[PDB]
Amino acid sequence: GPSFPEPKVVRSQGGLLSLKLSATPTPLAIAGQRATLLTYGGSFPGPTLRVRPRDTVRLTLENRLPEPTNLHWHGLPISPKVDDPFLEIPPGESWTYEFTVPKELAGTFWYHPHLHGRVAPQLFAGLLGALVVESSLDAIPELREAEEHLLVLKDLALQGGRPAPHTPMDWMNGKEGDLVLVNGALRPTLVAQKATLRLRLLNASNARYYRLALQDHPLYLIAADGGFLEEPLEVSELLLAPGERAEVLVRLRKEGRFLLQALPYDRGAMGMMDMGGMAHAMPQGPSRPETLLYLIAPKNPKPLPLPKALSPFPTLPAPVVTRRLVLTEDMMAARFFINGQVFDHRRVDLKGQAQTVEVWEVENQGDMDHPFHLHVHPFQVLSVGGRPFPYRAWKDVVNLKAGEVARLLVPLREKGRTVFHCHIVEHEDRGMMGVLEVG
């Protein structure tokens, strides 16, 4: 097959993507070994769904797992009556998700389970795939002529031919694995045919961070989680927290082999030690560097010029309310809180008005990085840690380091009950989630 493995794409036809997927234990070959994973569509990752604004999506999910499951349409500003975080599909049963892709939308999104208490083991086992919303912007020559690839960043650990079980420590930290894969492949080679690459990036890991850097090259950020930036932004590196997406242009500068690496990064994971007194928690420190893929540049590369502009970001109406949501931890209990409470599906925590804008101040008072996700309502990050964000774009996950405050501009779109939570998914399963009702 192609040197660079990417999930099979399923495209809308005549404005309709109609597809049946089964969530099923699947024997496959992964990273040179045989394993049974939990998959959608018999593959890991699941198939990439590729749609356009105004398309109809009709997706029937059949649950062939021994426990309930559902789908979360991550990043999609659709109704929570469709993207229903409380819906349970029992084992053996099916459910059809039907929605229209919003008109003003573009980017890389994804799908995976969202059932409180069950997310971490299901996601870790392989239940995830990408969804790409194509844009008329993709037709401008500076993007059209680029070579495009999806990179699904997901790690895994195997034990006895199956995903390794969660340990107590995994529930405290979020589980990371030793197999650090791209599209389910171990350190694949991307033999570029064009001098400009357009890479769509997805962190589908439970807890692992990817501090992305390509040897000898900057990256040009062109999209965040849920849409384009206003113009390309040059960066020397790019951190993708769990749940985040980005799109970058890579402008290959000379012939040769360049490593795309996940550089060392300390997200505040903890170990346990006993040094003659203490049996207490201790910092793991930074992750070890990982090579994600080998990028081979073509002969005499001459990259396209960058787009001078992408998409103008809407200036939003003036906000009508400010929220404050404080994140805390009880590490030894593996419990996690928002404003001093754990999730209760019966309890509404915030009540907001559709079509108004809110300011959300999210404060991490813990010692671990916590990536904060809000369903249904994409937001504009104004600042994090008191530093203004260097671009305007739609996001749905924002990373907060220990002590940091994020200030978000949150337009409320669809009416109904939805959730917000930490995207270190073990933390969500262990309580770090709340309920927003929009009316």
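Each residue number is its position in the shown sequence, starting from 1.
- The mean Cα B-factor in the deposited entry runs higher for 140-148 than for the other of 140-148 and 166-174.
- Between 428-436 and 2-10, it is 2-10 that carries the larger average Cα temperature factor according to the deposited entry.
- When the C-alpha B-factors of 222, 158, 306, 219 are read from the PDB record, the largest value belongs to 306.
- Out of 33, 60, 69, 26, the entry records its largest CA B-factor for 33.
- Among the modelled residues of its chain, residue 247 has a C-alpha B-factor that falls in the lowest third, as given in the PDB entry.
- Residue 300: CA B factor in the highest third of modelled residues in this chain (values from the PDB entry).
- When the modelled residues of the chain are ordered by C-alpha B-factor, residue 86 sits in the highest third.
- Sort the modelled residues of the chain by CA B factor and residue 351 lands in the middle third.
- Among all modelled residues in this chain, the alpha-carbon of residue 375 has a temperature factor (C-alpha) in the lowest third.
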